[PDB]
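S.K.: Let me begin by handing over the structure; questions about it come next.
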Amino acid sequence: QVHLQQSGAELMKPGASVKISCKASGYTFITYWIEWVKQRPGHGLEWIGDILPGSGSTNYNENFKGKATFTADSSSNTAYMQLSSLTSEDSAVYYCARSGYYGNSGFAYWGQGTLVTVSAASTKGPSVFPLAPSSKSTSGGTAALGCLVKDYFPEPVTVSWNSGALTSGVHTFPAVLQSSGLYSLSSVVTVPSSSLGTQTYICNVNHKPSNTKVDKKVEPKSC
Amino acid sequence: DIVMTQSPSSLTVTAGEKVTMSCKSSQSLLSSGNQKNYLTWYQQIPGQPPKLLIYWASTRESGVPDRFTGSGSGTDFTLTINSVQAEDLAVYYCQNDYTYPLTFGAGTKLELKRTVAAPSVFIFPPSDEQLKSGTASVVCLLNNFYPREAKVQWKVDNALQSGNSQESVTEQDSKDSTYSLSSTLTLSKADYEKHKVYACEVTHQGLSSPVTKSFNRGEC
Amino acid sequence: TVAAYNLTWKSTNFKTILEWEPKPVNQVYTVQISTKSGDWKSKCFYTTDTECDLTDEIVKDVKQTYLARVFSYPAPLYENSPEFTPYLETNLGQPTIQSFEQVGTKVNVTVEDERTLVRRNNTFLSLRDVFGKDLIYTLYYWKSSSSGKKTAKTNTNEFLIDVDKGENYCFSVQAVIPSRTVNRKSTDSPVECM
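Encoded structure:
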């Protein structure tokens, strides 16, 4: 399989720049265009332009000239976009995708994205407390349990369960920002009940902008 | 610029129906040279970037099921998801795939209607671990329900509190196509350590009488 | 025996042939091409020729990089070709004017969408098919009497140009991939005049 790998989540201050890398494995690097796409929460999709590695050709969306810089290092399997003079209309999610195998066959593969967040704002890794499997969250013969991911900044964060050996029924809520200004979110999962004794559940939280990997063993109560 | 206006802007349907949406380029994506309509289709579901659906207006991409059907020519197009699956839950975009600049649609919000569905209520007092750093956060959890509309009531000591809560609803499921929700009550350490009754009451269409899961401060 | 040497890829519109030296005396060759991440696939076996048609292999995926090797055997030694990426490297073929027509005070000039050796199911894909928006055409137009070197460029297969009344113009087109580093331009089409 073909894999586009975008660089981790970033925070920058309303001024200087930010280099984003799309590292492509799974095909021939030079013969397919890589594409840059802005996506804002609830705005559709926005095409910044394109670049062909191995020939370095580029096409920009005229609304950006002054902003975007497409590059790629042929000989390291990675494409680059830098963005200057960052603002709020720059704060968004940015996307790398591969051109079409059959000529005008759209975008085929997409990078997983990267959140650009533009403010003069503090960095902050979160707090991670366990959410107790209890009667007060047990019904139908299953319990639901999770973690709160509180007082981190900025977006995003990821949680996985038991290093992703547990994929089903997880829920993760779009953290909103607190009266403080620090985001916060929870992530529970329902689960077959009797397991609660002999099965260990752990929320694998990461926040790159702060550089914190955090693991918390979720454990029951005694009443 | 070739502008693309999608319509309907949104649309909401039951599982199993047939859906149609239209895509309209400002001028023609018709390469009379080899008779091809140079239009493209994306699906974007919750929690993942655009999936490529169809190229050349009506060529189905590998894997993509045969129940989606592209059609149209020049400046009028139509994805028709015939017999909607629940997993089909996405926002779909057509994209000019002809001449530069590369452009996009507005997008089409496909949402799914279903049977009234009763929320499972759940509640979590803070952990000792939180109490340590002196933070008071109570969390309420409604699980898997239809529709989204739900009043989530708080009482501390049987008296009604609000707005020390902050609500947070998920996107639709792509299988049972339900919503699910949390509401976090937050206060001080000493505020928490004062009161005993803590209630989560609920209002919902799949509820005749407002349900509650309630606990006592350090019940364990 | 002698090992093969000067291995070159001879390719136009994806028709692809590996060539080499020497003309063999009391020896034979076998060509192997590589997917790069699978294996060495021979396409020619024990031949006395100094070329091998590899079209059927490269058109399976023209956006791949291919390696080849030529083994020598008596009537064992081998040599590696240069790397070849068809999409970026194959020469564009000589185009053909499909039609010109005098639309009012303007002329329409249509280029033929050239057929290639890339195959998908039962369709032999065309330039336009393979290259899409990467493909552009250039036109030259003038009456060979006063010789007015006026240039037009199009993203499609059609030109719409301004002309003078009663004046017979001559046309020639060129295929162009601006994005390329090498072989950006086809040779010129046969001239067509009014």
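Residue numbers (the numbering used here), protein chains in the order written: chain A, 1 to 223; chain B, 224 to 443; chain C, 444 to 637. For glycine and all other residues, C-beta sits at the position ideal for the given N, C-alpha and C.
(1) Touch check for the segment 71-88 of chain A and the segment 15-25 of chain A: three-plus C-beta pairs under 8 Å?
(2) Please tell me whether A/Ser193 and A/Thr158 are closer than 7 Å, where the distance is taken between their beta carbons.
(3) Please tell me whether residue 236 of chain A and A/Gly146 are closer than 7 Å, where the distance is taken between their beta carbons.
(4) Residues in the segment 197-208 of chain A with C-beta within 7 Å of chain B's C-beta atoms, listed in sequence order?
(5) With DSSP as the reference, identify every bridge partner of C/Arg562, one or two as the case may be.
(6) Taking the alpha-carbon of A/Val188 as reference, which of A/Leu177, A/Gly197 and A/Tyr201 has the nearest alpha-carbon?
(7) Please report the straight-line C-alpha distance between residue 227 of chain A and A/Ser84, rounded to a whole angstrom.
(8) Check the C-beta distance from B/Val362 over to A/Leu131 and give it rounded, since I have them as a contact under 8 Å.
(9) Taking B/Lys247 and B/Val344 to be in contact with their CB atoms under 8 Å, please state how far apart those CB atoms are, rounded to whole angstroms.
(10) Strictly under 7 Å for the Cβ-Cβ distance: is C/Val550 near chain A by that measure?
(11) Measuring CA to CA, which of C/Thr559, C/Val550, C/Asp631 and C/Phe567 is closest to C/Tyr612?
(12) In whole angstroms, give me the CA-to-CA distance for B/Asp396 and A/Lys216.
(13) Would you list, in chain order, the members of the segment 315-330 of chain B that have their beta-carbon closer than 8 Å to a beta-carbon of chain A?
(14) What is the residue span of the alpha helix (DSSP H) that B/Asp414 lies within?
(15) So B/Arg290 and B/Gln266 are supposed to be a Cβ contact under 8 Å. How far apart are they, rounded?
(16) Measure from the alpha carbon of B/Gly239 to the alpha carbon of each residue in B/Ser403, B/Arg337, B/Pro273 and B/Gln353, then state which is nearest.
(17) Give the DSSP bridge partners of C/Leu603, in chain order.
(18) Could you spell out the range, first to last residue, of the beta strand (DSSP E) harbouring C/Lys608?
(19) Taking 7 Å as the threshold (C-beta atoms), are C/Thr553 and C/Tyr580 in contact?
(20) Output needed in chain order: residues of the segment 352-382 of chain B with a Cβ under 8 Å from some Cβ in chain A.
(21) Of all Cβ atoms in chain C, is any one closer than 7 Å to the Cβ of A/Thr69?
(22) Count Cβ pairs between the segment 379-396 of chain B and the segment 165-178 of chain A that sit closer than 8 Å; are there 3 or more?
(23) By DSSP's criteria, C/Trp463 is part of a beta bridge. Which residues make up the other side?
(24) Check the Cβ of B/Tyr261 against every Cβ in chain A and list those closer than 9 Å, keeping chain order.
(25) Tell me the residue span of the alpha helix (DSSP H) that contains B/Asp351.
(26) Output, in sequence order along the chain, the residues in the segment 25-39 of chain A whose CB is closer than 7 Å to any CB in chain C.
(27) Smallest Cα separation from C/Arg562: which of A/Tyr102, A/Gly113, A/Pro133 and A/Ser122?
(28) What does DSSP give as the partner residue(s) for C/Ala595 in the beta ladder?
(29) Can you give me the start and stop residues for the alpha helix (DSSP H) that C/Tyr530 sits inside?
(30) Does chain B have any CB closer than 7 Å to the CB of A/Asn59?
(31) For C/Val474, which three-state DSSP category applies?
(32) With a threshold of 8 Å, are at least 3 pairs of Cβ atoms found where one atom belongs to the segment 259-274 of chain B and the other to the segment 290-299 of chain B?
(33) Per DSSP, what kind of secondary structure is B/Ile225 in: helix, strand or coil?
(34) Name the residue from C/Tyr489, C/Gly575, C/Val616 and C/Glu610 whose alpha carbon lies nearest to the alpha carbon of C/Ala595.
(35) Start and end of the beta strand (DSSP E) containing C/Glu500?
(36) Distance, Cα to Cα, C/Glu601 vs C/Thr508?
M.R.: Concretely, from the data shown:
(1) Yes: at least three Cβ pairs fall under 8 Å.
(2) no
(3) The structure shown does not extend to residue 236 of chain A, since chain A is modelled only from 1 through 223, so no value can be given for it.
(4) none
(5) C/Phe567
(6) A/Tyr201
(7) With chain A covering only 1 through 223, there is no way to say anything about residue 227 of chain A.
(8) 7 Å
(9) Contact flag wrong, Cβ pair sits at about 46 Å.
(10) no
(11) When each option's Cα is compared against that of C/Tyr612, the closest is C/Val550.
(12) Taking the straight line joining both Cα atoms gives about 27 Å.
(13) So the list reads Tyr316, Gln318, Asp320, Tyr321, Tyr323, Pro324, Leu325, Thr326, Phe327, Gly328, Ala329 and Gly330, given in the order they occur along the chain.
(14) Per DSSP, B/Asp414 belongs to the alpha helix (DSSP H) from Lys412 to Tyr415.
(15) Not a contact, Cβ separation roughly 12 Å.
(16) B/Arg337
(17) C/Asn551
(18) From DSSP, C/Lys608 is part of no beta strand (DSSP E); its letter is neither H nor E.
(19) no
(20) From the segment 352-382 of chain B, only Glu352, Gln353, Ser356, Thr358, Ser360, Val362, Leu364 and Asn366 have a Cβ closer than 8 Å to chain A.
(21) no
(22) Segments in contact, yes.
(23) Beta-bridge pairing links C/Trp463 to no other residue.
(24) What B/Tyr261 touches in chain A: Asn104.
(25) Looking at the DSSP string, the run of the alpha helix (DSSP H) that includes B/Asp351 is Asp351 to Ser356.
(26) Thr28, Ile30, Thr31 and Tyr32
(27) A/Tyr102
(28) C/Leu582
(29) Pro529 to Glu532
(30) yes
(31) strand
(32) yes
(33) Note: B/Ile225 maps to coil in three-state DSSP.
(34) C/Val616
(35) In the DSSP assignment, C/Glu500 falls outside any beta strand (DSSP E) and within the unbroken alpha helix (DSSP H) covering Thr498 to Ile501.
(36) 33 Å
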